[PDB]
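Inspection log for the structure reproduced underneath, given as structure tokens.
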Amino acid sequence: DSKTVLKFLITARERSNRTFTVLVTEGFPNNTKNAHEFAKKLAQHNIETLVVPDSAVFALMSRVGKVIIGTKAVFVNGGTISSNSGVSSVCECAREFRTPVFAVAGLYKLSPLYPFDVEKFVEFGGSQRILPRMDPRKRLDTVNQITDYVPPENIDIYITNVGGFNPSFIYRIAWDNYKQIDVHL
Amino acid sequence: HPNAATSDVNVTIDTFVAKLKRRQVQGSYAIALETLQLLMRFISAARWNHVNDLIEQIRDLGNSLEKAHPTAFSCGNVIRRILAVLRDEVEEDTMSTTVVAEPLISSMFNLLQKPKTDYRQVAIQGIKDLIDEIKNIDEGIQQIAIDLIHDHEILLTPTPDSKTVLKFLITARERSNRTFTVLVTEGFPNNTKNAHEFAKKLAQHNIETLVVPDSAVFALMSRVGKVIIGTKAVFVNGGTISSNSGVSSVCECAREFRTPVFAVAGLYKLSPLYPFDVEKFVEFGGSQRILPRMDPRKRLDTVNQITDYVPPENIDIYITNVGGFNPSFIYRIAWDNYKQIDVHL
Amino acid sequence: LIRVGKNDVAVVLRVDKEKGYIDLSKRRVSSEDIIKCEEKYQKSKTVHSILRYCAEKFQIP
Amino acid sequence: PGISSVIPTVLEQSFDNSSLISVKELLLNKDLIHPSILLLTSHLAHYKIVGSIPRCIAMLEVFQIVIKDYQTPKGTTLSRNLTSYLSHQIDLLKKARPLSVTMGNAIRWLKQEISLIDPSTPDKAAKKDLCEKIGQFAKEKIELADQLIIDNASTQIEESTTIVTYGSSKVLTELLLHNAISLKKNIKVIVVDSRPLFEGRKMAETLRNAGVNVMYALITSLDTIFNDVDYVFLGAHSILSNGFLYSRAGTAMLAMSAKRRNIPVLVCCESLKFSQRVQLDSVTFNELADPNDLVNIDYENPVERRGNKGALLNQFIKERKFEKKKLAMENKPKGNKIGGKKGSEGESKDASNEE
Amino acid sequence: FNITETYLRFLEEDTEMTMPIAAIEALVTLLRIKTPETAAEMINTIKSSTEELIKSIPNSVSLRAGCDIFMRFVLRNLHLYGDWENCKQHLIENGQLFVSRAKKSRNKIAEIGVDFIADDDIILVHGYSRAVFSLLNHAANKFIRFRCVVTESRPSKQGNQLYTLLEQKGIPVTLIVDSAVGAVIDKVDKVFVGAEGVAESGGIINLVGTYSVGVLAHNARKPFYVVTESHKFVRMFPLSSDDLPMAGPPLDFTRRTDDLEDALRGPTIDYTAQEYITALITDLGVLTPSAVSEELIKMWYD
Amino acid sequence: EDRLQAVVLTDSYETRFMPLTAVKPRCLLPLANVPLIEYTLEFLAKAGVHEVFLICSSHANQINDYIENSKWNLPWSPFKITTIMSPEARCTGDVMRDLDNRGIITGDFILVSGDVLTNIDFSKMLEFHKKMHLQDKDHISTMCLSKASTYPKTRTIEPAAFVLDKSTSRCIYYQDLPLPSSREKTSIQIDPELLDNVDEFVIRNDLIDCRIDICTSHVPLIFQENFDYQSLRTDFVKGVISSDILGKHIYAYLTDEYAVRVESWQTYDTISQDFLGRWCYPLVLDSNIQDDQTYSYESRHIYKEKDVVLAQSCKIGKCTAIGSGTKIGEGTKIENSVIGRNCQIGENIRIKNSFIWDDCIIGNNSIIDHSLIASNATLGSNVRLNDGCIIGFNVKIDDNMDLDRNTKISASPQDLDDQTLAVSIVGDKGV
């Protein structure tokens, strides 16, 4: 969705001689419209676009070479909280099938705070755009989360304005701009 | 038990031994054929009268053959199959002589609970059956072969030494609309020339050939989709003896990458005795073939091996002339070809 | 760096005139003084060399 | 003036960006160019022994020699068309054989030196000092580091050894020699050879020159060996900012095998060979050579038989290519030996920003 | 005067003291007797004393590390280029102060860095460390709901001791067998560690059985953690999966000699690899990913 | 191509084995834990035999017994052993004469002197010989020579400097020199009789003796004619060069693969080592040749028969082989040494680079370095042997001895020091 990621993609496309294939997962809740917008923008310049269902990753991951994410929140041990919708399962799949992961990031977007528990940092989301009318909600229990956390076990490169960094090393980078004192107050 | 009873009945044992030792016989098929011929000779000549005694004699012969040579397996297997064939007929004969026979299915508890004669023709027929089985393996698998590999996918192929594997590959390649890329590893001190030949053949066959140095497997593994073992012999717990050199490492790599490992062989290559070890089975080549010199080469003790063993773990599926069997299933198949008492000689 | 052969300029800080414990310092020596030290060391070396070969030849300590 | 043209064998399909092709046989070049550099480049091109350590040293030596020989013009200063000359030389080098991380470092150092003494100085005063400085640098950052590494290695063995080895790298060989001689331990060395350029054979020769108990094997022949045997060693060329091992040929497979058989591997590193450049794949930038590296059959290198194969361009519909430099797995090798004795590969760029 | 004597002095109490902190204090005390102005009569002597201590060791690892830390501190101290007196005085001061700081660090660990067991995440802990127990007790104090899981320690019956120390708080616990470790990974969340030392390579210098545990954790993908008072980085490199500087023999192959004797020599010290530290609780702020290595680099300026 | 008889010179190179060969015939001695004759026989079979003939002499009864024992004896074999029995003690000319007298001589008959065992396939060689014959009437006999490790060093008895052809493969000069051992007669000659006819002169020395000859109808007749050729190498080739029978061709087969014949003791050891390793293409003991054999192959270049036991905790170098009926104790330091059939080991023994024959007790605290112990000869307590100590028949090495390097000990139940009776000479004992 973001103008950074989009710009990066445009830059990539400018040298069109390089053979790159664009697979876009819709992202169940809010990401769909954004995805569509992105596709439209791609079409404006003339870039090939393929639409991916979120359920189907296991049947595609063995074919996919490289993965790029445009995350919002970057963390200590190498993990990220990204701009919503189904990332964790995908990452797990990648880990299983062994797949390289890139990320467009910024050190100002990087946080010196450490995520220690899954029970807290994972943010649950609205069931407004899931099921119409609220009388079935009496007995059934709809479980839904919008924004998701990524474990550092998967991603390996963080392409920034400075350069690509290792996830089990990004702490040093963070500290080359932030401190240990300004955390707990 | 060596040759002593054989007079003006059978002489060709010595010839067989010679063929085994100094290698005038080449290719498993040829060995199998030889074995069949030997069996035929045995049948057309030897004196019968009793049945149990004949069986004992056959067992003794088998034992002798085993003593003579271990690295040949097809020969053994064929003999075992023939024995099994004989056995059923013998059982039938016994059942007639005695005169309940079958409850519902083939059942256990048979080892705990108590269970003029013609057979020569049946033995002959068994040999014919064996011959038929041998005839063609590829004409029985290539229908379940152009089924696994598809468009824009990439193969990784070690061991072009087995004649079946090459043929299978050719069959896979046949199509005009389908396109795929093939990686071929060498295996230097025992299989280089063969590999080169295979590459040449691939080139001839209008396919995108890729020459691989044995080191450069790792820098291309990200694109790898399939693994095929060029095996020559098959065993009890699914395991296989390969047609020599440069497979094991590749297999290990595949396992690490969790990248599909298929096995192509044949059920005549199937043996009813367990690989108790690898040391007794796998043999070493020639230490002279790697490095020249001799007089200061007493210090330079060099190690090179031909044959290769793969564990019952890295293997996944065995599509045969009959169909797709599995590593944890082949025992039943073995039983169906070679019977209970026939294993232990 | 700094292994075997390379010369290090030093000024004596603390001397134990009883058993033998010597303290030395490199940074206290000024840039002008280093050269002087080297010259003195060179001279000393020459003196030692002078009294080495000669000592050997006549066969006396 | 200079023209390329005429490329041998099929160009395949994949890996089509890197400079590897052309001027193998000499036929007309530029006029007032010093030929020693050219000779060196030629040597580098037709070399079968060199590996990581010595090339850069050789280059440095050549540069020193050039400086010693260098004539300051009768009218113009020390640097005017000198820079142009240097550029030309660099281009020639590139044409001959790719500039590695070490080469880049050397170039950087040269640039720094140039910056330090800029257009003001006469003939035999500036270069007199410069040469000496260079010598001092050579004495410092390299030889002493090597010595340190050797000493680290010396202590690294405690009680009993049975080792499997691979690599052209001089340091490893030196270590092995040390083990053989000035330590008098119960050392055992098993050698692994590689096809493209011969290293294993060289290692064996070196061992012989000492008189060691030596087993010998190759890339594929691995499984039967381990039937008691513990230690495993490797030698790397260069490590990037990423932390991944951007080294030569057959290492990774061996490492994997070692991991499987339950006793890990240790590789040796240098406190200079680190790059700003970022890569994680084979396609980006790789050492690539002419397919003549896989022609020879059996025993030795120079034999030549007219039996089965002996054509490349005539081999119609065929795509023959091979890789030299590999990108080995990060988590697999445990120990790394640099100037700070011992530490994990989690360092990555802990010397890059140190400058 | 002896550091050994000082070490002997503390035995039954402790629990509050932290490894090198006491050792460091002892060293400081030893120093502030025989004129700390000079450097020739001092540093060398200190080194000799440390060597002697090392020689005298029955079964203790972190002492060396402590000594090294002390040395580093001393080195840091004299760079001001003013006068010998002030620096000496400062050196003399910095021992009791260091000890005091340890307590502060412990407190910090116990109040800020305790958000790993909160949502009734069942903790798999083996190897008696004081820091771990402090964390436990202060979790109980905060009421931060929790359950405990401990594998039975039976080389010298420390398990019983551990159980007793857990009865003080008043919370139900269970016994676990270290062969039936594959049997239970079902309800227990993550594996946490109390150990002896932190490795140069990245792994952990720990007791009787750890590698298996690590393997199991890896299989289960339930992240492995280490809980320590963070200054036990011993100058030791475990280059292989089974090679270390050890207090005893490495898997002692015994001969059939007498009747029921040469077997009880259990390998009571073991190791697991560097690719296991998801997080390590350190008093210098929560920093782990390649932190120990960085620290080492900072120390040896390389 | 087909129907070829085998004639092998046996009972000839006795006393060349400097202590051995007096009581039992030369060939009957156990080579690599099992009789030498068998290997040779196998080789002959591989080559292409139709009837076996050996020129036995030294005590014929034992030879006859061996024949009776053997596998080629009864009907099943394509070739039977019936050895030629002649008057005692005679040279190769005399042997040839005897053969001629006997009568059974064919066209393309095979003559091998001594005992040889190598790998190279002989059919091709035979074909080549036939082709050569088909060229011209004047073609005689076949030579077997193989290339070695660049420089010569372990070669003093037969370092032949072969001046050879590439276009026709024909010898020009033959010379044996004592130059690597005793620098007295360093000499190389080029004869001018075939100088201005060949043009493609190649000077070589690095070739090894095999003494295997395929002989045409010319050879025995030639022998009969000329009584001066009592030998077969130094006189014969020279004679051929000189054109005694004017204008005749000889072949020189050159093979890249290794081929050596049996000659001395160090050479024997080397041969044994080669056999143990994988130096010749297929040659193995584990395949089993002689009836009662129960040999099996093992990893790390190790040979073990059945009824073979080695005990735990023996930290070792590389390559060890044991014969049947052997019991080995505990705690030994061994590097590259071989132990024979039914040899017993107590405890605590250091061994380095050795070969051991039939029934030799390796006693408590003993060192065997580059030295052989023969049949029934046994080592007792505290014996310190060194490099190249040669032991013969019934040498009962009992209590407390120290023998120096290259010491030779007498065999038969005389010319050389150290005798058959109790303790070898350090303190004088004997008759």
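The chains in the structure tokens are called A, B, ... from first to last as shown; in each chain the residues are counted from 1, and the ligands are counted from 1 in the order shown.
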
For this session: Pull the strand (DSSP E or B) assignments for stretch 126-318 of chain B out of DSSP run on the backbone, and list those residues as number ranges by chain.
Result: B: 154-157, 181-185, 209-212, 226-234, 240-242, 261-264, 270, 284, 300-302, 305, 309-310, 317-318

For the residues in that selection, give me N, CA and C atoms as a compact mmCIF listing (two decimals), in the first residue's frame.
# COMPACT_ATOMS: atom_id res chain seq x y z
N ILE B 154 12.28 -28.13 -12.71
CA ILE B 154 13.69 -28.50 -12.92
C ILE B 154 14.03 -29.84 -12.24
N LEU B 155 14.66 -30.73 -13.00
CA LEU B 155 15.13 -32.03 -12.51
C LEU B 155 16.59 -31.99 -12.07
N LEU B 156 16.93 -32.83 -11.09
CA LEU B 156 18.31 -33.11 -10.73
C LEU B 156 18.55 -34.62 -10.85
N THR B 157 19.50 -34.99 -11.71
CA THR B 157 19.72 -36.40 -12.07
C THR B 157 21.16 -36.90 -11.85
N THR B 181 14.24 -28.36 -17.78
CA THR B 181 15.70 -28.29 -17.73
C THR B 181 16.28 -29.40 -16.83
N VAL B 182 17.36 -30.03 -17.30
CA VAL B 182 17.96 -31.20 -16.64
C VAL B 182 19.39 -30.92 -16.17
N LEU B 183 19.62 -31.14 -14.87
CA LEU B 183 20.95 -31.05 -14.25
C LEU B 183 21.53 -32.44 -14.04
N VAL B 184 22.76 -32.66 -14.51
CA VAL B 184 23.41 -33.97 -14.41
C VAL B 184 24.77 -33.91 -13.71
N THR B 185 24.84 -34.51 -12.52
CA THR B 185 26.09 -34.62 -11.75
C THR B 185 26.97 -35.74 -12.29
N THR B 209 20.32 -29.44 -21.93
CA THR B 209 21.27 -30.16 -21.08
C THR B 209 22.08 -29.17 -20.22
N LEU B 210 22.37 -29.56 -18.98
CA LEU B 210 23.26 -28.79 -18.10
C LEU B 210 24.33 -29.67 -17.45
N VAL B 211 25.59 -29.35 -17.74
CA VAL B 211 26.76 -30.06 -17.21
C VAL B 211 27.06 -29.56 -15.81
N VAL B 212 27.17 -30.50 -14.86
CA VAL B 212 27.40 -30.17 -13.46
C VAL B 212 28.74 -30.75 -12.98
N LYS B 226 13.30 -32.22 -8.34
CA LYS B 226 13.22 -33.69 -8.25
C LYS B 226 14.58 -34.39 -8.19
N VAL B 227 14.59 -35.56 -7.53
CA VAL B 227 15.79 -36.40 -7.39
C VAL B 227 15.47 -37.86 -7.76
N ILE B 228 16.31 -38.43 -8.64
CA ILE B 228 16.16 -39.81 -9.12
C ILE B 228 17.45 -40.60 -8.87
N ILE B 229 17.32 -41.71 -8.15
CA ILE B 229 18.43 -42.63 -7.87
C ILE B 229 18.53 -43.68 -8.98
N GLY B 230 19.73 -43.84 -9.53
CA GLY B 230 20.01 -44.87 -10.53
C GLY B 230 20.48 -46.16 -9.89
N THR B 231 19.57 -46.82 -9.18
CA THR B 231 19.86 -48.05 -8.43
C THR B 231 19.93 -49.31 -9.31
N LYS B 232 20.66 -50.31 -8.83
CA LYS B 232 20.83 -51.59 -9.53
C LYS B 232 20.24 -52.78 -8.76
N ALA B 233 20.24 -52.71 -7.43
CA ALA B 233 19.69 -53.78 -6.58
C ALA B 233 18.74 -53.23 -5.52
N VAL B 234 17.74 -54.03 -5.14
CA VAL B 234 16.71 -53.65 -4.14
C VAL B 234 16.70 -54.66 -2.97
N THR B 240 18.10 -49.79 -1.25
CA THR B 240 18.63 -50.10 -2.59
C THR B 240 20.14 -49.97 -2.70
N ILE B 241 20.75 -50.89 -3.46
CA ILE B 241 22.14 -50.75 -3.91
C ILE B 241 22.15 -50.05 -5.27
N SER B 242 22.89 -48.94 -5.33
CA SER B 242 22.99 -48.10 -6.52
C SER B 242 23.99 -48.66 -7.53
N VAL B 261 12.44 -37.25 -3.74
CA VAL B 261 13.36 -38.33 -4.10
C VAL B 261 12.55 -39.54 -4.56
N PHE B 262 12.61 -39.82 -5.86
CA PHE B 262 11.97 -40.99 -6.47
C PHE B 262 12.98 -42.11 -6.73
N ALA B 263 12.50 -43.35 -6.73
CA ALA B 263 13.34 -44.52 -7.00
C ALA B 263 12.79 -45.35 -8.15
N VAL B 264 13.64 -45.55 -9.16
CA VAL B 264 13.30 -46.32 -10.36
C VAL B 264 14.25 -47.52 -10.45
N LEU B 270 14.66 -56.99 -6.83
CA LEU B 270 14.19 -57.16 -5.45
C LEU B 270 14.75 -58.43 -4.80
N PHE B 284 34.89 -51.79 -3.13
CA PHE B 284 35.75 -50.68 -3.54
C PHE B 284 36.37 -50.93 -4.91
N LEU B 300 51.18 -43.02 -0.05
CA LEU B 300 49.92 -42.46 -0.53
C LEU B 300 48.83 -43.52 -0.69
N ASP B 301 48.30 -43.99 0.44
CA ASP B 301 47.18 -44.92 0.45
C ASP B 301 45.88 -44.17 0.14
N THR B 302 45.36 -44.39 -1.07
CA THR B 302 44.21 -43.65 -1.60
C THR B 302 42.93 -44.49 -1.55
N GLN B 305 35.69 -45.91 -3.87
CA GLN B 305 34.63 -46.92 -3.85
C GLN B 305 33.72 -46.83 -5.08
N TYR B 309 25.32 -47.18 -1.08
CA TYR B 309 24.13 -47.54 -0.30
C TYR B 309 23.38 -46.29 0.15
N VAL B 310 22.05 -46.37 0.10
CA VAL B 310 21.15 -45.32 0.57
C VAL B 310 20.24 -45.91 1.67
N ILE B 317 9.30 -43.34 -2.78
CA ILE B 317 8.36 -44.11 -3.62
C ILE B 317 9.12 -44.97 -4.64
N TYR B 318 8.56 -46.15 -4.92
CA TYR B 318 9.12 -47.10 -5.89
C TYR B 318 8.08 -47.51 -6.93

For this session: Up to 9 Å from chain A, what residues of chain B turn up? Count only C-alpha atoms and give them as a PyMOL selection string.
Result: chain B and resi 153+222-223+225+257-259

Pull C-alpha atoms from the residues just selected and write them as a PDB file, in the first residue's frame.
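The file below, part28.pdb, is the result:
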ATOM      1  CA  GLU B 153      10.035 -27.452 -13.378  1.00  0.00           C
ATOM      2  CA  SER B 222      17.243 -23.319  -4.838  1.00  0.00           C
ATOM      3  CA  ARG B 223      15.870 -24.220  -8.297  1.00  0.00           C
ATOM      4  CA  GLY B 225      12.610 -29.923  -7.884  1.00  0.00           C
ATOM      5  CA  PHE B 257      16.183 -29.366   1.243  1.00  0.00           C
ATOM      6  CA  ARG B 258      13.088 -31.654   1.529  1.00  0.00           C
ATOM      7  CA  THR B 259      13.160 -31.999  -2.278  1.00  0.00           C
TER       8      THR B 259
END

Problem set entry | All alpha helix (DSSP H) residues (DSSP, backbone) inside chain C, as a ChimeraX atom specification | /C:31-58

Save out the residues we just selected, C-alpha atoms, as a PDB file, in the first residue's frame.
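Writing done, so here's out13.pdb:
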ATOM      1  CA  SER C  31      58.235  13.278  20.023  1.00  0.00           C
ATOM      2  CA  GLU C  32      61.538  15.212  20.289  1.00  0.00           C
ATOM      3  CA  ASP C  33      62.848  12.886  23.012  1.00  0.00           C
ATOM      4  CA  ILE C  34      62.071   9.642  21.109  1.00  0.00           C
ATOM      5  CA  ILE C  35      64.738  10.399  18.500  1.00  0.00           C
ATOM      6  CA  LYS C  36      67.254  11.186  21.263  1.00  0.00           C
ATOM      7  CA  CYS C  37      66.420   7.895  22.980  1.00  0.00           C
ATOM      8  CA  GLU C  38      66.905   6.033  19.691  1.00  0.00           C
ATOM      9  CA  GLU C  39      70.288   7.719  19.221  1.00  0.00           C
ATOM     10  CA  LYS C  40      71.316   6.741  22.747  1.00  0.00           C
ATOM     11  CA  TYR C  41      70.024   3.196  22.190  1.00  0.00           C
ATOM     12  CA  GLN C  42      71.910   3.082  18.867  1.00  0.00           C
ATOM     13  CA  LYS C  43      75.081   4.244  20.603  1.00  0.00           C
ATOM     14  CA  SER C  44      74.524   1.730  23.403  1.00  0.00           C
ATOM     15  CA  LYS C  45      74.015  -1.038  20.842  1.00  0.00           C
ATOM     16  CA  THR C  46      77.247  -0.087  19.091  1.00  0.00           C
ATOM     17  CA  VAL C  47      79.100  -0.124  22.428  1.00  0.00           C
ATOM     18  CA  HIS C  48      77.720  -3.578  23.179  1.00  0.00           C
ATOM     19  CA  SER C  49      78.634  -4.770  19.684  1.00  0.00           C
ATOM     20  CA  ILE C  50      82.133  -3.295  20.162  1.00  0.00           C
ATOM     21  CA  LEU C  51      82.489  -5.306  23.406  1.00  0.00           C
ATOM     22  CA  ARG C  52      80.989  -8.505  21.858  1.00  0.00           C
ATOM     23  CA  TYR C  53      83.229  -9.537  18.933  1.00  0.00           C
ATOM     24  CA  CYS C  54      86.311  -8.363  20.835  1.00  0.00           C
ATOM     25  CA  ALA C  55      85.207 -10.384  23.872  1.00  0.00           C
ATOM     26  CA  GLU C  56      84.793 -13.443  21.658  1.00  0.00           C
ATOM     27  CA  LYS C  57      88.172 -13.080  19.835  1.00  0.00           C
ATOM     28  CA  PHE C  58      90.474 -12.944  22.916  1.00  0.00           C
TER      29      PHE C  58
END

Can you tell me which residues surround stretch 366-374 of chain F at a distance of at most 9 Å, considering only C-alpha atoms, apart from same-chain residues fewer than 5 positions away, and format the answer as a PDB file with C-alpha atoms, in the first residue's frame?
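Result file part_29.pdb:
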ATOM      1  CA  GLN F 266      61.631 -56.369  -0.695  1.00  0.00           C
ATOM      2  CA  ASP F 269      56.803 -57.416   0.059  1.00  0.00           C
ATOM      3  CA  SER F 337      51.456 -54.603   9.259  1.00  0.00           C
ATOM      4  CA  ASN F 348      51.440 -55.464  24.430  1.00  0.00           C
ATOM      5  CA  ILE F 349      53.061 -55.505  20.951  1.00  0.00           C
ATOM      6  CA  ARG F 350      54.286 -52.657  18.694  1.00  0.00           C
ATOM      7  CA  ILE F 351      54.266 -53.338  14.919  1.00  0.00           C
ATOM      8  CA  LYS F 352      55.183 -51.078  11.953  1.00  0.00           C
ATOM      9  CA  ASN F 353      55.066 -51.868   8.177  1.00  0.00           C
ATOM     10  CA  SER F 354      55.447 -55.685   8.187  1.00  0.00           C
ATOM     11  CA  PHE F 355      54.544 -59.059   6.600  1.00  0.00           C
ATOM     12  CA  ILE F 356      54.225 -62.355   8.555  1.00  0.00           C
ATOM     13  CA  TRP F 357      53.985 -65.918   7.118  1.00  0.00           C
ATOM     14  CA  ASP F 358      52.416 -69.239   8.299  1.00  0.00           C
ATOM     15  CA  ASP F 359      52.184 -70.082  12.045  1.00  0.00           C
ATOM     16  CA  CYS F 360      54.425 -67.447  13.666  1.00  0.00           C
ATOM     17  CA  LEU F 379      59.130 -65.133  18.311  1.00  0.00           C
ATOM     18  CA  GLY F 380      59.300 -65.385  22.113  1.00  0.00           C
ATOM     19  CA  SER F 381      59.754 -62.790  24.870  1.00  0.00           C
ATOM     20  CA  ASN F 382      61.739 -59.526  24.417  1.00  0.00           C
ATOM     21  CA  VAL F 383      62.876 -59.497  20.769  1.00  0.00           C
ATOM     22  CA  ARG F 384      63.847 -56.181  19.152  1.00  0.00           C
ATOM     23  CA  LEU F 385      63.984 -56.606  15.357  1.00  0.00           C
ATOM     24  CA  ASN F 386      64.742 -53.856  12.822  1.00  0.00           C
ATOM     25  CA  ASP F 387      64.324 -53.007   9.092  1.00  0.00           C
ATOM     26  CA  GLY F 388      64.873 -56.003   6.779  1.00  0.00           C
ATOM     27  CA  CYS F 389      65.507 -58.965   9.101  1.00  0.00           C
ATOM     28  CA  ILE F 390      64.999 -62.048   6.899  1.00  0.00           C
ATOM     29  CA  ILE F 391      64.006 -65.290   8.696  1.00  0.00           C
ATOM     30  CA  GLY F 392      63.796 -68.810   7.178  1.00  0.00           C
ATOM     31  CA  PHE F 393      62.640 -72.299   8.257  1.00  0.00           C
ATOM     32  CA  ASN F 394      62.321 -73.303  11.956  1.00  0.00           C
ATOM     33  CA  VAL F 395      64.099 -70.293  13.497  1.00  0.00           C
ATOM     34  CA  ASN F 406      69.443 -56.030   7.037  1.00  0.00           C
ATOM     35  CA  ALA F 411      66.616 -71.497   6.597  1.00  0.00           C
TER      36      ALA F 411
END

For this session: Return as a PyMOL selection string the residues belonging to chain C that are within 10 Å of chain D, counting only C-alpha atoms.
Result: chain C and resi 1-3

Produce a file of the selected residues containing N, CA, C and O atoms, as a JSON list (two decimals), in the first residue's frame.
[["chain", "number", "residue", "atom", "x", "y", "z"],
["C", 1, "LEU", "N", 50.28, -5.41, 15.54],
["C", 1, "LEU", "CA", 51.74, -5.41, 15.43],
["C", 1, "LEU", "C", 52.46, -5.62, 16.79],
["C", 1, "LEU", "O", 51.84, -6.09, 17.75],
["C", 2, "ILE", "N", 53.75, -5.28, 16.83],
["C", 2, "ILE", "CA", 54.65, -5.42, 17.99],
["C", 2, "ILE", "C", 54.85, -6.89, 18.39],
["C", 2, "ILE", "O", 54.07, -7.46, 19.17],
["C", 3, "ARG", "N", 55.91, -7.49, 17.84],
["C", 3, "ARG", "CA", 56.28, -8.89, 18.10],
["C", 3, "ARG", "C", 57.74, -9.01, 18.57],
["C", 3, "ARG", "O", 58.04, -8.69, 19.72]]

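Candidate residues D:255, D:225, D:157, D:214 were compared for distance to chain E, and the nearest is D:157, using only C-alpha atoms.
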
For this session: Up to 12 Å from chain C, what residues of chain E turn up? Count only C-alpha atoms and give them as a VMD selection string.
Result: chain E and resid 37 to 45 79 81 to 82 84

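Going from atom CA of residue F:244 over to atom CA of residue F:200, you cover 23.8 Å.
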